[PDB]
**Student:** 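Here it is, the structure, as structure tokens.
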Amino acid sequence: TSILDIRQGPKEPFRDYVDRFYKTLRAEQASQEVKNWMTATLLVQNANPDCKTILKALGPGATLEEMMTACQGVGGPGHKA
Amino acid sequence: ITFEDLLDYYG
């Protein structure tokens, strides 16, 4: 696969998408510096519309923990009916 | 965030 191919499902929990993005990026053949740039751009870029809105709002200084918290329940809540 | 943040989070 390619990191370029990883995108958040329409209703996928942000936490699940980040996990998939990380797993793919670990395997990607690129420089560390490039992997940093990929994370800094593609993770938010390829989030679904509803998460993407939240992530942009949080700003570039946000931590992963903060992103996770802000996107909790978007697409969800995902409990059995 | 950077790849290093991912490594820290999941590592």
Side-chain angles (χ1 to χ4, degrees), chain A residues 1-9 12-48 50-72 74, chain B:
Chain A
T1 312
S2 170
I3 193 55
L4 297 180
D5 299 335
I6 306 299
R7 55 183 332 99
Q8 190 175 9
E12 179 182 23
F14 183 73
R15 61 111 182 286
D16 277 5
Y17 158 63
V18 178
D19 203 306
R20 298 196 297 108
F21 182 97
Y22 171 64
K23 296 172 146 62
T24 298
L25 185 47
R26 282 198 314 205
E28 188 69 34
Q29 291 186 82
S31 71
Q32 191 201 194
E33 185 178 358
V34 165
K35 292 196 184 186
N36 281 337
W37 168 61
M38 290 166 164
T39 299
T41 60
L42 300 176
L43 182 63
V44 172
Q45 171 154 16
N46 291 329
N48 65 29
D50 299 339
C51 287
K52 191 159 171 178
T53 296
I54 291 167
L55 297 163
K56 296 290 208 172
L58 285 183
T63 63
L64 190 58
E65 184 168 350
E66 287 160 351
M67 293 179 170
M68 291 292 186
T69 297
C71 289
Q72 201 193 336
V74 181
Chain B
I1 66 150
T2 56
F3 181 54
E4 294 176 61
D5 297 327
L6 294 174
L7 290 166
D8 285 350
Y9 186 76
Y10 291 113

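Reckoned from all heavy atoms, side chains included, excluding hydrogens, waters and symmetry mates. Per chain, numbering begins at 1; letters A, B, ... match sequence-line order.
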**Student:** With side chains defined as the heavy atoms from C-beta onward, is the minimum distance between A/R26 and B/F3 less than 4.5 Å?
**Tutor:**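 Yes, close enough: below the 4.5 Å cut-off.
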**Student:** In terms of heavy-atom pairs under 4.5 Å with chain B, which of A/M67, A/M68, A/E65 leads?
**Tutor:**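 When all of A/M67, A/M68, A/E65 are compared, A/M68 has the most.
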**Student:** Are A/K52 and A/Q45 close enough that some pair of their side-chain heavy atoms sits under 4.5 Å apart?
**Tutor:**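 Answer yes - side chains close enough.
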**Student:** At a heavy-atom separation under 4.5 Å, does A/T63 approach chain B through its side chain, its backbone, both, or neither?
**Tutor:**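 Only the backbone of A/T63 comes within 4.5 Å of chain B.
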**Student:** Is it true that, when you exclude A/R15 itself, more than 12 heavy atoms of the residues, nucleotides or ligands shown sit nearer than 6.0 Å to its CZ?
**Tutor:**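 It does not: A/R15 CZ has 12 such atoms or fewer within range.
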**Student:** Side chain, backbone, both or neither: which part of A/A40 has a non-hydrogen atom closer than 4.5 Å to chain B?
**Tutor:**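 Backbone plus side chain of A/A40, per the 4.5 Å heavy-atom cut-off to chain B.
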**Student:** Which atoms of A/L43 come close to chain B, meaning under 4.5 Å heavy atom to heavy atom: side chain ones, backbone ones, both, or neither?
**Tutor:**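 Only the side chain of A/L43 comes within 4.5 Å of chain B.
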**Student:** State plainly whether the residues A/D16 and A/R20 are in salt-bridge range, i.e. N to O under 4.0 Å.
**Tutor:**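 Answer for the salt bridge query: no.
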**Student:** What residues form a ring pair (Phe, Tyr, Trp, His ring centres under 6.0 Å) with B/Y10, not counting sequence neighbours?
**Tutor:**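 So B/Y10 forms a ring pair (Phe, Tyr, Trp, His ring centres under 6.0 Å) with A/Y22.
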**Student:** Could you tell me which portion of A/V44 (side chain, backbone, both or neither) has an atom closer than 4.5 angstrom to a non-hydrogen atom of chain B?
**Tutor:**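 Neither; nothing under 4.5 Å.
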